[PDB]
Amino acid sequence: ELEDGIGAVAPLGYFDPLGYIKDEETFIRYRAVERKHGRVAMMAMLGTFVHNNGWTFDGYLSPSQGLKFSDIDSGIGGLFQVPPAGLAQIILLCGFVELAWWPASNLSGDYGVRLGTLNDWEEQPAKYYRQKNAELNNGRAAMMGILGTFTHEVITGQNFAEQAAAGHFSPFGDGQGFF
Amino acid sequence: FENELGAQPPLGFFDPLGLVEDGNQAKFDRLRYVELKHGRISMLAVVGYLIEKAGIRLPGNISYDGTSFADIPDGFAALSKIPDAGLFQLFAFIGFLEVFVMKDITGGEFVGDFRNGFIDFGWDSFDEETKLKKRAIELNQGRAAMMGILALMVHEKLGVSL
Amino acid sequence: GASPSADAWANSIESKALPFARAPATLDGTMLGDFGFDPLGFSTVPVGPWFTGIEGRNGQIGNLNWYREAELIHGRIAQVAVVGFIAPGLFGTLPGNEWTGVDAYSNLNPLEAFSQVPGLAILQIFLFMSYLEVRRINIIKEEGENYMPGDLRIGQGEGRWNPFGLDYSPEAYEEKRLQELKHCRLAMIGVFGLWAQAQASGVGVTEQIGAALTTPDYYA
Amino acid sequence: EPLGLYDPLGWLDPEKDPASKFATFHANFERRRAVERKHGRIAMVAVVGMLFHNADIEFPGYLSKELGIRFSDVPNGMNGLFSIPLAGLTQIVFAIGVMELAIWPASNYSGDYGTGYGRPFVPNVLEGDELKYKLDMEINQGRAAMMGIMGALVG
Amino acid sequence: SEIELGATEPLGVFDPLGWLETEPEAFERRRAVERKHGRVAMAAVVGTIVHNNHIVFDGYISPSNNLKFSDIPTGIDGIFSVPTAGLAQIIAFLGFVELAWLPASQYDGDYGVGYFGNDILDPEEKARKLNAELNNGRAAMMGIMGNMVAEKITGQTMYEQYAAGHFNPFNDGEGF
Amino acid sequence: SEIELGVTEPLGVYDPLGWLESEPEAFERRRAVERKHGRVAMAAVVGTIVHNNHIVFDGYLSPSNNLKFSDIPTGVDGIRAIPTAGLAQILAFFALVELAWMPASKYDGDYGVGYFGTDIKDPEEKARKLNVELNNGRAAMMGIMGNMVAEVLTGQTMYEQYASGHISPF
Amino acid sequence: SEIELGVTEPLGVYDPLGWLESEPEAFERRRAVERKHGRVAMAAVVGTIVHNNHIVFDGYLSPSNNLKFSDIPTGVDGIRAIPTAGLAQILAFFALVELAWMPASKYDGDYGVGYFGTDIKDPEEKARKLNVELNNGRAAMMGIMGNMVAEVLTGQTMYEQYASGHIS
Amino acid sequence: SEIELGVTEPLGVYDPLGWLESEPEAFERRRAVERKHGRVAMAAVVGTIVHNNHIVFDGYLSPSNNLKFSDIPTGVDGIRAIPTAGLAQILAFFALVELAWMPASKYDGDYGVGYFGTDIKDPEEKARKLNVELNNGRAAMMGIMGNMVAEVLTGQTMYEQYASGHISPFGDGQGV
Amino acid sequence: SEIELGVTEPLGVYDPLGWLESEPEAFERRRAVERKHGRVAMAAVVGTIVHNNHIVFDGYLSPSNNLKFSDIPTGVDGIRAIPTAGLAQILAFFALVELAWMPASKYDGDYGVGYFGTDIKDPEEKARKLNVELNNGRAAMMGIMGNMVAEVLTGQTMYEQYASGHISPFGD
Amino acid sequence: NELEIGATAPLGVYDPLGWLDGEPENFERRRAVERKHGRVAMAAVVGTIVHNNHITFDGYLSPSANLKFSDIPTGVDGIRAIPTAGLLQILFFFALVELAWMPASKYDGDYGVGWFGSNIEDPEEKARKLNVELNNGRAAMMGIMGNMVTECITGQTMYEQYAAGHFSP
Amino acid sequence: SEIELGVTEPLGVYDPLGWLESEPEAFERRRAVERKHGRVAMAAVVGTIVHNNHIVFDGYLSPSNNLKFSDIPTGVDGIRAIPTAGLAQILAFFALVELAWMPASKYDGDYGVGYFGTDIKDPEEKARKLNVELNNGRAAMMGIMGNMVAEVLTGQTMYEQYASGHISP
Ligand SMILES: CC(=O)O[C@H]1CC(C)(C)C(=C=C/C(C)=C/C=C/C(C)=C/C=C/C=C(C)/C=C/C=C(\C)C(=O)C[C@@]23O[C@]2(C)C[C@@H](O)CC3(C)C)[C@](C)(O)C1
């Protein structure tokens, strides 16, 4: 919300540097998107930490197609090695959450998820502002980290486990790009 | 600090260095505590060397391993041949004394009064200057015992007989 | 209702560096080096001295003194670092013992010369860079709101360190401030190209310019 | 305005009173025109896509250099999109998703995204009777392409 | 208040230098140095237990130097066996934490996190855990300097000394 | 309160029998059975998940009868493959639970334990988790019933229905 | 108050000696002893479980005496296998617990650590848990005393009483 | 005063650039630079005479580099043969002299000493020797640069140029 | 004019003990001791330079001891190599110096000699040389101590330490 | 005051020609010649002592002419053994001295220097040293003339004489 | 003044015969004689050191008498070894000094030379140096007479008085 200043954290303050908030109604739409994108990109960022560490399940993701869990690439193409009969199960469940259980039309983002004594907001309102800002800030840092992880695989051809094994962390002197 | 326990008829308030040239009672009461603390240890240490240097021992078997008291040498070599299970008990019990039962818990009459109302061998039957005379005796007897036990420790490593 | 920075893009005076782009109202012209260059609008979101604690984390309105503090300390390092990227390749290197190892100071590639010299060479450089930053905080903590950016108390005016005299005119002192800031902004771009060419070529800049300003052996 | 009831010259049967039984959002006429126009616009670029792929304008080059799939290997029939890799089909549906929400948002039921008719990069604005005449020809050619696909995908 | 924290039962308000009644202006930072030195030494003491228990991660900390994590010693020479480009990455991040995230110019040690996130609303329970941080921090300052000095005197790390049973300093070969 | 606890979003106060208006006083008894049947069936669904994941206790359940823990089937015949002296220990210890300890005559539901030891302070947060126990208990009531029916109408356990690829009944 | 802190349903107050009417000034220490005897016996009987389940520390207790951790018996004489400096380290450390840190003369039983760190501020919830610390302590006192006499009368430890069929 | 100290008989006040009236405020440093350059070049001419008379210190400059004092060239490559750890000692000592002891920011050159420790109290005699120091500094400034270009244009030190009889210009000379 | 005679640049007045504010009456002796300790140590650092450069007197110091000037060590043990009949001749002559000729009870430090026989009439020029004698005296006190400490910390004299390349602190 | 500087004790003011009480306007140039003839002759008597004591400059005076410093005579023919390119370097440098640096037209005598670079600050001991420069100049003008007369009469230098014992006429 | 020039601290006005009031007008001669005897004796003491360090002039004192400088003994029999044509040269040049140049009838003592050519302007520094010349003259007067009787009572010069260790009384 604007009045308690939830997104405005102490390095930059109200960081709207290009002047996009000209209305209080267009802030609630943008914060509903920013918090939703941050919640998605945080689980996407924990994915690439688990996937590129090689931590996989044991067995077959698809025994009908013979696809083990270790056969899936740990990069940006691993989601689409999953069979679409199995990918339809992910979209159906995640779409059922988006319409019924955690309806994404709710622009507040509050879906009643309270883990009681770890957020006792009525006694500690400073913990409310600490956890509300840290949902946005971790979501903002993971939004740019997943654009980090996506484009670093595009411009190098290697995923994060392969480009770190090679030490390829400089776009200078390599055979890629015009630099 | 010119008329106290340390002021003596041969040297009244000697103090050559720059220690207590102010009205700091809290700095004097710390330094008076440690001088009485070093003295009460070095008094037992002067006897505790000369008992072992005379060859006197407890009647034997410091451990069940088969080590007598006479097998343990005297001087600085005593700490090397004491069994280490009993060397812990010496440090643990002295630490038990120095943490719990050696302090001015209930509040004594002076610095070094450790009678907590638990042990008292008199101290009421005195002339109230014999109290200060007996206190100034154990300060100066503790004074000479520090220079005493330092002489026995510097001349054991030197080898000079005393 | 509206953003505090959307109101600075509503006034939006004409610019000089980007004369087609209408610089925001927070560049008042009253600062040194104000050329109307803020296309992303960082001056509309001014920053405070966050290093002093939580009480200093919030920035005052219309105060770019800590953006200018970070601009000067980046540019002052970048000026010394252009020479440090160059001068081992020009004026030779330093000799080593068998303790530090011979050829320890001799890596003419400046980036892997960081990992070639002993750690005590870099620890003492970092601790001397640390010592003047302790001096900067003790100046910032003392002066507070009356602290001008880039002041480490070196030079002309009040009780600053001046072993060279350096008593400039009070209007020749403001062109020295402008000469410093324009060299700060230039050497920041120059030290980026020095760092990026040392990775792309693998050698120093004198071994890269000197091999390009010479004729090839088949052509001579 | 492109949402009037006067474009396609009329008239046809049901009026769909089942639409307002319990799903009353879909009973709005203004969305049914937005659906008919959008099914029309997708059908018209699909029969041209049927003509380009069946005339073997295959492409110059590879489609996937890693998988080794050239453009000449994908079929010309109705199994064309489902034979390209799913990592490539994802990028198609993702870019449609930016169109479907940000650039040409389908919540805007008018269908007018400010593009004009024939001229890219500056809109060719139609003014009067011919503006309303080109609107129904978009629908009428949109309807012929909708019935033309089911005629060309059953066999 | 701050000036009654750090004074627990067996010593009370313990200042043999007397700098509380002599320099009351310098206490508000000297508490912050004590709390920071404590918190640093508590993570340092816990680290020496983890290092000498041979809990290492896997693989190479520096594959260019061909330097495994297990190749790093578990004693004083451990942090200096890290290559200089790796040591610069730690100090750059720890300077980011100690100036921006947890700025050490903030002298009350209060950085928005509580004790496991929570504020201790009971004032006598908050003062008890504020003393427990100081006392464990003061005990760990002696523990880390007693682990650093006793390594460089006996010459062995905390694992090699314990493997060897070199616990008694009176029957070994040392001074005295 | 108590009557506003089985009303989540979609169906609301759903009862196609009229028994909230026929017997208004025979509700606290029926809610206590609904909560107890939910708590039993929730632990039984997680039980069938642990059994058919072959997490076993690595020993002998009855060495006198000579059967290991990895010898009882992971389906409907699990309690049947237990010796009657072991069932007598289960039925008698839970007699102390159902009568002497946390009883079933206590229709209020809360004995002393709360939600992970504590009490939920916010009443709207507390009434939310009370619907969650009811909904998850209601879903596991249908869940454990369809795990046993799909076993006895197949002849395979939950592990064997999945490993053999026999999932679709058509 | 500590007077109602130990009463539950199926016994209530239950004083066959009647020592709450007679000498009621000694209740404040007898509660502190029952809480102390309870807390020791609970830690003694969950330790009897992990001893006879062989969860040993896989090393040497005393390499100077060549005592592996598995060499110690898991029954009544396991406390006697600890050597001289071993039992001295326990007596030295718990003198710093029983007199200094959690001083056992403090009859409140309250040393500022709470129940897993928290102050149970609900007085009905807090009085329930202290009935549990007493009741589970009472049942462990009879538990740890029914385990010593089940070992010294049969000879075997608990791991050998169960791996014999010697229960009934 | 300082503006009358550089003028002597055959030229008097000599500035072709005319900066004595154009820049009258920059004179007070420009005198100090001329005096500093003169003092440096006078020691450089006398050193050049001493090096080429083969007056060596009879030892080893760098025994680690096996570098005797007589192994150093007596020309313009003299300090190019000093090892770099030896130039560091020269720069560190004259950092202490050029910044602290006799600081070059003192723009009158009047640090502590007189003329052989004497303060010349006669002002017409003191101005005479102040004129001599400037004039001998101006002569040695031309004298050291003509010495330096005569070596690099002949490839010979001043001892070798007077060994071969190479005083006559093979290039083109200019001398008094 | 003795309070300002040790005051120079960067330190200015330096008294961390604060004895100029505690004992203003004992300064006249304490200056005369610092000047005397400076004059003794200035003639001592020059002494170790002469001895370690092997400038000897070309003969026999004690022909009764068959002792040459070149047989005496050039380090801290050089005063011990002198026989005590010769060490008595040193103390007998400096008793005539320090009590009678230039008496050390004279707390001025001022005797009939000046600075190379010259009294300096300019007071700032005279105080410049008096500051130099104190400062070179102070630097030679720390010089003669760092020469005797670093000798016994290595066992070699200054001639043998420099010949072995033992300048850098390896062992310490 | 240059008018009593030449007059010393044992003869007082000495003028057998009477040219102090004759022309008084020619005195300040005749004093300037007597002082200049003195200073040239004093450096010549010292020069005859150094040459006849065989103190030479240890090298070749003219390696083109194969002249060592030991080959130059120590009598009156020493200046004539110098090559003609060496006598010109003496001629052109002392033109710079006699006309520009220490200009001989200056009849007062004091060019820039004093008694070892300093004024004597005292009118009765500076006049005493001005008396010494003239009197030691006068005894050296006769001394260099007597050194050159007996050089050409005997035909020997002052080292060949004192090796033969020629001390009586 | 000249009457306070001989006094020092450890004796003061040391007139044991009381002749400062017995012959007050004869002080000016006796001071001039004490200064004259001291100046001769200090040159005599330094001379005995240079003779007995065998610093010789490296040549012949008299080739007609075949007498090198090394052929002269260092001690008392050194002026006896000088030929009588050389002692006539010493008494002729020092008749010009003692009568004409620095006449010994001049009782003031200061001739045209100063202390190393310099007058001492400070009267407390000039009188101090005047006291040193008298005191070092007094110490060398008994010093040179203690070197003559160390040879005429021993028969041995100062060199091998130190070589043979014969300084033991
Ligand atoms: C106490 C008192 O009264 O005050 C004093 C002190 C005071 C104030 C300082 C005064 C002054 C002025 C002074 C002393 C001025 C002195 C100036 C001085 C000493 C000027 C040297 C020039 C030499 C040159 C230019 C060399 C050229 C170059 C040469 C010679 C060569 O290159 C050739 C050569 O080298 C080689 C190549 C090879 C060798 O094998 C051979 C030689 C050597 C031939 C006073 C007034 O006088 C008196």
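In the text below, chain A, chain B and the rest are named by the order of the sequence lines, each starting its count at 1.
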Revision key, fill the gap. For E:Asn118 and A:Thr117 the tightest heavy-atom approach is OD1-O, 3.6 Å

Point to revise | Residue part contacting chain E, namely of A:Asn119, when any heavy atom lies under 4.5 Å | key: neither

**Study point:** Where E:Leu121 and A:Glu123 come nearest, the two heavy atoms and their spacing
**Key:** CD1-CB, 3.7 Å

Check your understanding: How far does CG of E:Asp119 sit from NZ of A:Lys127, to the nearest 0.5 angstrom?
Key -> 9.5 Å

Check your understanding: Can you tell me if NE2 on E:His166 sees more than 12 non-hydrogen neighbours from other groups inside 6.0 Å?
Key -> yes

Review point. Hey, is OH on A:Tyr111 packed in by over 12 heavy atoms from elsewhere, all under 6.0 Å?
Key: yes

Review point. Are more than 12 heavy atoms from other residues, nucleotides or ligands located less than 6.0 Å from atom CH2 of A:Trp121?
Key: yes

Practice item. Report, as yes or no, whether the 6.0 Å neighbourhood of atom CZ on A:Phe160 holds more than 12 heavy atoms from other residues, nucleotides or ligands. Key: no

